[PDB]
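Residue-level structural notes
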Amino acid sequence: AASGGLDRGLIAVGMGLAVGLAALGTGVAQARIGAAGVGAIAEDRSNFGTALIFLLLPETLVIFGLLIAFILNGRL
Amino acid sequence: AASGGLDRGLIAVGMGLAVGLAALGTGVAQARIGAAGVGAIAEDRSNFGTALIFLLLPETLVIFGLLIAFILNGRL
Amino acid sequence: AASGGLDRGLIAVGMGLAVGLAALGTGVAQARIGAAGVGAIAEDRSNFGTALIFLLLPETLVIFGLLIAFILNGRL
Amino acid sequence: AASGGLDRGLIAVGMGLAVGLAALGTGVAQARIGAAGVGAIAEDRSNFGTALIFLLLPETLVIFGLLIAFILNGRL
Amino acid sequence: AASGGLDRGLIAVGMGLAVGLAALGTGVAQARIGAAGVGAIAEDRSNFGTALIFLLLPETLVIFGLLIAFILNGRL
Amino acid sequence: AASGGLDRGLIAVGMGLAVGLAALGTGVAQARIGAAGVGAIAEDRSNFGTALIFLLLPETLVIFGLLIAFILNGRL
Amino acid sequence: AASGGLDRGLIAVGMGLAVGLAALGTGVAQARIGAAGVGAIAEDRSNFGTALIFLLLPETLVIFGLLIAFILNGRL
Amino acid sequence: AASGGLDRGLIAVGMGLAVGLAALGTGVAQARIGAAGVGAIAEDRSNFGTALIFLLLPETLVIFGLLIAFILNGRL
Amino acid sequence: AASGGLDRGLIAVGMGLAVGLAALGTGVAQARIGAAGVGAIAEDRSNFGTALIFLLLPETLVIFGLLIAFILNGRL
Amino acid sequence: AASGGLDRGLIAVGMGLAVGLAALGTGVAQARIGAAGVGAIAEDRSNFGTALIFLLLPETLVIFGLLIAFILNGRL
Amino acid sequence: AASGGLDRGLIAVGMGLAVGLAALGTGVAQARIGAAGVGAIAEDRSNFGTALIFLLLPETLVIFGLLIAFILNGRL
Amino acid sequence: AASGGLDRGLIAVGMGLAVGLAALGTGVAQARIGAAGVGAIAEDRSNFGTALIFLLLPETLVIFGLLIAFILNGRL
Amino acid sequence: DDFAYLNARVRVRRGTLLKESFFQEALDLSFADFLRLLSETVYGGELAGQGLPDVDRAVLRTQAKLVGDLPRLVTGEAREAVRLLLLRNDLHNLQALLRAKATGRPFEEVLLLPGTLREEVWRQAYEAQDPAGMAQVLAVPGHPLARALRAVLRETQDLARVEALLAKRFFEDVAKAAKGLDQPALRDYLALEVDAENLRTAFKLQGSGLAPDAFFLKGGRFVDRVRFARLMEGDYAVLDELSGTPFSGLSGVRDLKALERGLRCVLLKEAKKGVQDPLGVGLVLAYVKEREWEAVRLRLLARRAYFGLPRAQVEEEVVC
Amino acid sequence: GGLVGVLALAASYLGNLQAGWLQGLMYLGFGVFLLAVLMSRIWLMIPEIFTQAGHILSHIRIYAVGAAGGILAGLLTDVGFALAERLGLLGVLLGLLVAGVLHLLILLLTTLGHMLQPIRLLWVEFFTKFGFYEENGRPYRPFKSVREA
């Protein structure tokens, strides 16, 4: 929380990293597909559902941390 | 939360790194296939159920991090 | 320069890394797509609204973090 | 819960690395091939089975890690 | 250094690190968009402003580290 | 077993590294061959067989830690 | 002046990282944008102000790092 | 067996590193050559007696490692 | 020489990171930009300055390391 | 088991590393050149004489070491 | 020789770090440019003196290492 | 010179590090630079004395290692 | 990836040549003998019997099977780049379709070279009546030329002018597009083509000397609107001022036929630079060009042989 | 308008103990003074002033390097002829002379690199519309051609 010894502090450390490490990965992932994406709309208006959808898929990695973390939230 | 030894500290921490390292690897993996991926949908609108089925395979890496997490905790 | 308690140095750790790693990933991600975007505007004036919808996505990763980071931290 | 000691930490760490190191290698292997894959399905719906059969091979790496990881901890 | 306080010291190290990691993100970000930039004289003088404006965004990454620096110390 | 001396864990450590580092190498080695490999089928059904055969080789690297380990063990 | 310690050390530590993270980012960033110019000049000698403009710019990041690195001295 | 001498722990790490890393180097040599290769198979069916003849000379090397690793122990 | 002060050690470590990182960064920065150039040298002995001009801007980094090292000196 | 006391173990180390680190460099060298090199023969039969002079250089690194490994042994 | 205090101990390491590290930087810098360089020789023996001069600046790293290795020994 | 005090263990490790790190850098350097050359050679037989000189430059890194290692051990 | 494969695929592919000496014989080979020589070579594998239309047809198919296969592979950066080359000739073919479409000439007699878009796109385009509709068809799979055609079409629906302004505009699209890689060699050769096209166009149009830019395609790198203009004014001295520029065999040339020869040599010398160019596109590019250069001579010499036409009739033009 | 506040903040680190308190939260009103007329033109692109601030840090850095690389140059004659080796000893004078003849020429080559920094500094100023016609072109010959002799 803002009270406790050093050991409890260790359980806290990794929660952000789960989210963070994945975040770094998502940005790079988003960059290649996203790059692929701009053309798909641009030429093809029809492609908009796909393109809009495409960017999302790596992003899942971060998200896993948020559901468990949220249920936890402030338990410590 | 909870307090205990050095041992507890290693396992509590590690849940994120396991997930994070794989996540980073998956995101790039999905990204190469995905960038390529945007084109197949474009080519065959018809294929969309196949395309939808196709993307999935690299994504497995993360799940292992979660598997190891189910086993480790209980010392957290 | 003051002081807090024992907890804060430990709790702080994942909070900075979370903002920094996601940020680093976001910069690269947004940049390549930002570059990509430019062909679309020349080609289609129309895509500028689309460009407005497109670019956003990697930067979100940090925002969730500030919310949690405050509940945890600055908790003194 | 759990308790510390110098011996235990070395085994506690490594179980994940065995799986993790392989996971990164597997993902990259799949990524490059996967990207290559996407056209073949599109024209030849027939080639889809092959595309999958080709794709499969790197994932074995992780499993090796699991055997070895199992062997490490049991002592713990 | 500081008042002292190893915990305070721990919060202090990372406040800067937050600033550093983002700075790294900001440069790479400026580089990919900059590459678009050689393209810009050519593409549209009207869009030139857009290309230029596109550059404005990455410094935000940095801002997160400094917010953590102002808010954290003095407080500690 | 239990918390034994530092040695059982330490000796345990290095076995994994051999296997893991090599595992990473296998995936990548397979990756270049496979990606090229998808092109090979397309270009020549007759050359498809070489690519298929080619992919097989990298996996041995992981094994290398284990053969020396089998003989060694009786000392864990 | 005076004998060191881990706290003093914590501030002492961070001084290289501040300059280094920022420095590294400027160089890589400069290398792609900076790279773009020689062809531009070659093609259009008149265009040089752009080539010339690319190189100065990533470099602000390094200046920031050095400042953080310095500030710690006179507080160490 | 079990825990033992200090010498063994120090010695144990690098034996594994020797066996695994050489494996990575051999694998990379195969991966690039394999990549060049399908056009080459077509081109140079002609090299096969030769190809076969070179190939023989390195495989002896693998055995040297198992030996060297085997012989060294007596400090583990 | 001899047994270094506890203080001397904290700064001495960080002394290296500045020299090594900047030096490495400059060589690589020069190398990619350096790589693009060569037909021009042949073509125009007079135009030679542009590739050359490119290299100068990165040159600042190493020099920065020397300045921070300078303030430290007599404490190290 | 084995002998105790850190010093012999500390002296023992570099012989294995010698095999691993150098091996990564030889492999990276062998793979890119080898692919061109075996190939040089394939297109260009004249280049077999060339190939005999050209390819050769990385092979020195391991053999001196075995002699040295022997020299190292006697320190321990 | 023999025992050393903390300064000597710190420097003893760095004599090695210096020699290995510089070599690594030199190689990478050389790889991009070196790959680029060769076609020009084929064409122009005449420019070859210019070429002979051309490669040189990153290479400086190694020489710094011998003077410093020399300097360290004697505070060792 | 064999077993001794605190300084010696540190030089013995780093003596190896000197050799390993340089070897990786030289290899990497040869792989890119080496790869371009053979076609040039195919045309320019003419270059052959030059060819003996051209390849030669990254390789200096290895020589640098033998003096520092010899002087260190095999001379202490 | 896959130029590991590509250069290598090319490395094997480069062998099926019909050597310089083939052509030398052919000067001295009657048509029957010329045909006999061809049937024993790779063009011979598409030659059945004897006869010129068959030689030419054999050429199309021979180039097709070793190169024309390649556009379906489009995936590498390089493949897209290669796509640009093919697209340009094809752009001609598309023009042939457009023009065919306009004069009541049927779709059916316009042969296309190996297309990125299949038969049916062309058919649909033809079958898609309005100039917008035809253009819209080509866009269905994607085609920067579709959009360009449209871009030109946005102002009017005048077919011939659309084609003309389009050709300039397309080569202008190309200028960016070729720039949008990097794999210089195609870019370089193309740049020389810009200069070459300017020279020939100015040549075709010379003595007109109007507002030169309507005919000056941009992307001149040793040529400029004025040099173009001057030549178009009839000032031949431009080629004498375009000396020490990369195009030395044009110097003092006053005929388009010889002009085209010199230009071919210059550009060829550029194409020839690729022989072991990696991702650098030269090894495949050069290879395409070889097949091309061979084809030129074969067809020329086939006629020469056919009609028994002089050795001297082909002598300038079967060498560069 | 901004500047007074800049000086305010600066002082507590600029003399450390010599100053810092001849000014303070002076910044809060000085920052307002800065932006007033940027806003009067409207300017739908105000944030862009950030980059004007970046140049200042650069100007400093170029001089700093011109100095530091400068200083380094003098110090190579010192580890090249004078004192360095061991803790720093006498006979190093002629042990270094093995090296001594060598360091001189190397040094010469590199300092030429330093003088392009004066100009690099200058280049910051030259195209920054402080009495100039060039602005990435714009009718007039580049400055590049102007200064050389």
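Criteria and thresholds
- Residues numbered from 1 in each chain as written, not as in the entry; some residues may be left out.
- Chains lettered and ligands numbered in written order.
- Part of a larger assembly, values for the part shown.
- Heavy atoms only, no water.
- Residues with missing side-chain atoms left out of burial classes, pairs and counts.
- Helix = DSSP H or I, 4+ residues; strand = E, 2+ residues; numbered from the N terminus.
- Rg over C-alpha atoms; globule rule 2.2 N^0.38 Å.
- Contact = heavy atoms within 4.5 Å.
- Nonpolar A, V, L, I, M, F, W, Y, C, P; charged D, E, K, R; others polar.
- Axes fitted to C-alpha atoms, helices over the stretch in contact; angles between N-to-C directions.
- Parallel < 35°, antiparallel > 145°, perpendicular 65-115°, else oblique.
- UniProt positions renumbered as here; feature names shortened; annotations may be inferred.

**Overview of the overall build of chain A**
Counting its regular elements, chain A contains 3 helices and 0 strands. For chain A, the α and β elements follow one another from N to C terminus as α-α-α. For 76 residues, the compact-globule estimate of 2.2 N^0.38 gives 11 Å, and chain A exceeds it by more than 25% at 18 Å.

**Quick word on the overall build of chain N**
For chain N, the count of helices and strands is 7 helices and 0 strands. Secondary structure elements in chain N, listed N-terminal to C-terminal, are α-α-α-α-α-α-α. In terms of overall dimensions, chain N is more spread out than a globule: its C-alpha atoms have a radius of gyration of 23 Å, far above the 15 Å expected for 149 residues.

**Some words on the interface of chain L and chain K**
In many analyses, interface size is given as the accessible surface area lost on bringing the parts together. Contacts between chain L and chain K engage 15 residues on the former and 14 residues on the latter. Looking at the side of chain L that touches chain K residue by residue, the class counts come to 9 nonpolar, 3 polar and 3 charged.

**Here's the deal with the packing of helix α1 (residues 6-43) of chain E against helix α3 (residues 60-72) of chain E**
Residue and element names in this part refer to chain E. The geometry of α1 relative to α3 is characterised by a closest axis approach of 7 Å and an angle of 175 degrees between their N-to-C directions. On the basis of their axis angle, the class for α1 and α3 is roughly antiparallel. Within the contact between the two elements, α1 uses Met15, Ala18, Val19 and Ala22 and α3 uses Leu61, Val62 and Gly65. Split into classes, the residues belonging to the contact of α1 with α3 amount to 6 nonpolar, 1 polar and no charged.

**Focus on the UniProt feature "transmembrane region" (unreviewed entry) in chain A**
Residue and element names in this part refer to chain A. Within this structure's numbering, the places UniProt gives as "transmembrane region" (unreviewed entry) are residues 12-31 and 52-72. Span residues 12-31 is 100% helix and 0% strand, its end C-alpha atoms 30 Å apart. What you have in residues 52-72 is 76% helix and 0% strand, and the ends, taken at the C-alpha atoms, are 32 Å apart.

**Digging into the packing of helix α1 (residues 6-43) of chain B against helix α1 (residues 6-43) of chain D**
Two elements in contact, α1(B) and α1(D), have axes separated by 7 Å at closest approach and are oriented at 5 degrees. The angle between the axes of α1(B) and α1(D) places the two elements in the roughly parallel class. Across the interface between the two elements, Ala29(B), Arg32(B) and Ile33(B) of α1(B) pack against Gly27(D), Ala31(D), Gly34(D) and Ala35(D) of α1(D). When grouped by side-chain class, the residues that make up the contact of α1(B) with α1(D) number 4 nonpolar, 2 polar and 1 charged.

**Things to note about the interface of chain J and chain L**
Taken together, the 7 residues of chain J in the interface contact 8 residues of chain L. The residue inventory of the side of chain J that touches chain L, partitioned by class, reads 5 nonpolar, 1 polar and 1 charged.

**Looking at unusual backbone geometry**
Residues and elements named next belong to chain N. In this structure, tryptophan 43 is a non-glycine residue whose phi angle is positive, near 75 degrees. If you trace the backbone, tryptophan 43 turns up in the loop between α2 (27-35) and α3 (50-76). Unusually for a residue other than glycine, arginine 138 sits at a positive phi of about 80 degrees. Residue placement: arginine 138 occurs in the segment after α7 (116-126).

**Examining the arrangement of the chains**
Here 14 pairs of chains make contact, and the pair sharing the most contacts is chains K and L. Taking C-alpha atoms as the reference, chain D and chain L come no closer than 20 Å and do not contact one another.

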